[PDB]
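Below you'll find only one chain, the form deposited in one PDB entry, shown as structure tokens.
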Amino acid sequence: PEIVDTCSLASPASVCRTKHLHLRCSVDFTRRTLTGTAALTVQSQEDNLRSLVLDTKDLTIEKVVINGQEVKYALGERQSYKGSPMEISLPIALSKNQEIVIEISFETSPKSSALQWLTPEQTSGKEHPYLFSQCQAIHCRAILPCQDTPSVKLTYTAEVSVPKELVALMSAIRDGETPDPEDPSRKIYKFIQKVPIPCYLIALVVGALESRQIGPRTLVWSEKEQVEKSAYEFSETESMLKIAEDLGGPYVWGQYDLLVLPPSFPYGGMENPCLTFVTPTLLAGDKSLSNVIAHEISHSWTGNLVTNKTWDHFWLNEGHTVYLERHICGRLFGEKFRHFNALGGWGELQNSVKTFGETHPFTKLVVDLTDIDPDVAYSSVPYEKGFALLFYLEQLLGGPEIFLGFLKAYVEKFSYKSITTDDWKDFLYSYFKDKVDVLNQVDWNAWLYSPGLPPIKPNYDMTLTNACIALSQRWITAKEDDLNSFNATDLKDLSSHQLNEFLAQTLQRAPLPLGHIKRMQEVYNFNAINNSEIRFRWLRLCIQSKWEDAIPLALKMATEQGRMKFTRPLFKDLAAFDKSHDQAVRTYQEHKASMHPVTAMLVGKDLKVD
């Protein structure tokens, strides 16, 4: 089938394939640049190959060397968020399967969309600066020239020169450290990734990092001030990894370390191989937000081993990971708990479809991302519509034990490969060939290609959800004369997850009367809850219900951390409230330069500014 990666301007995998990258670079904090060489080992997939094209974005190319000599290259015109193509003229034509090494000298821009450079004042320690990357989806080309498409998988080695007071880490096994032979104020850290990965999984952090061991194959890394809290927060990681291995097969990556980033990290987690990145907004104090780690761990099979061939097929990465994530939680906390989370995920799917509109092309499972920035299209849809389809199939095909056997087999079949929705579907029909009649009842075209809510809602146990719905409806249907009957005892039999779901339910019906929201603070004292998910929902409820007192609390949360799940809707809610609109816009303008590049772009679009 003719599948191209419409988000890449590089030569496709049918023309040539990168096999290995050897990255030698130096991190320059005074200039905010990464400098050095990327040597790509490339295999021709064609006869008489004489040129190839690489993805770049805001990179300065000094030179390209093949067989010890400089070769001609040309940078094409920028194609907005896709960057500029780099055509390289090979010095000798290559036969099919012939491999050569191309060494490219380059330097990044300070405005690389892959990178956030943090001043010492943006860190916990306040002495040293800090750098972290975020390559997914198509930002690797903003760090190094590459075939920036998940259809191509490579191994890599790297040597990273950094100020000696600082530590470098990568999505790779640590392979030693030395003083820098060309500067005794610098150290070189070395890295090896022996399992082939798509380039979106290359990751780098440089900062004042310490580690603590928390399991036989896990260290947690953060600035010194966060280490003790992180070790406790994530102490269940080894248990979860064991359950994940039971579901998916051997963990093949060696180490499973965790890095807790500074507050501007845009995501809850990122599944960088060997080194999952996490937001410090997870540090609730009671391990209640551990589903993020379950999700990242699950990507070590679905995403990192079996990878989407192009971003149009992103739901294969996320839907299966959610499905695995919810099984880990179900093993740990019971099947009624898995149904609670699944039911919550349907509510999130309703929110996202309501927000985009029920005919919008982004609510489709398989999307067409030609001339669409993946960062713009990013939503809960591939997560929850993908999970729903899997949960529906589970129920159709005979239950969780049966469907988990399909999942283990799917992972074995496609490990180390990149696949499309049609590969998945073909294998699903192969695996369940004795149930094809059942499969043929599925409305494939609706599920995979039609926008809006799915054509069929799965069955959900409601047991843990009922108390949330009941309390939410009491508040929604309350009149002024009913407010007196609410009391802090209403909350006594609710877990933190149930409190979150109470606020989610109520938020879906927002605004509530201002008197209701004030009563809620009076009796539940939600302003005191530090848990970031609960606090985020409470603040949105307060702002959407037009409570002015909440304006400074909402602005503070929106700006003191940068997790987009929180910062984007808080800014949007503050902009839609007339009392805070000017302050929202002004606060964005003031903070923008020190925000993450991607977060700044999206919040900017959300507010209709710059």
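Sequential numbering from 1, following the sequence displayed.
Keep in mind that the form deposited with a small molecule bound is missing from the display, and what follows is about it.
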Worksheet item: Would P273 sit within 4.5 Å of the small molecule in the deposited complex, counting heavy atoms only?
Response: no
Worksheet item: With a 4.5 Å heavy atom cut-off, would you call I88 a contact of the small molecule in the deposited complex?
Response: no
Discussion item. Just checking whether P382 would be counted as a contact of the small molecule in the deposited complex - the rule being heavy atoms within 4.5 angstroms.
Written reply: yes
Discussion item. Given that the small molecule is not shown alongside this chain, does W117 nevertheless sit within 4.5 Å of it in the deposited complex, heavy atom to heavy atom?
Written reply: no
Worksheet item: Out of the stretches listed (71-79, 486-494, 234-242, 310-318), which one is close to the small molecule in the deposited complex, meaning heavy atoms within 4.5 Å?
Response: 310-318
Discussion item. I need to confirm a contact call. Of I534, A168, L464, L369, which residue comes within 4.5 Å of the small molecule in the deposited complex, counting heavy atoms only?
Written reply: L369
Discussion item. Can you pick out, from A478, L507, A377, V442, the residue that has a heavy atom within 4.5 Å of the small molecule in the deposited complex?
Written reply: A377
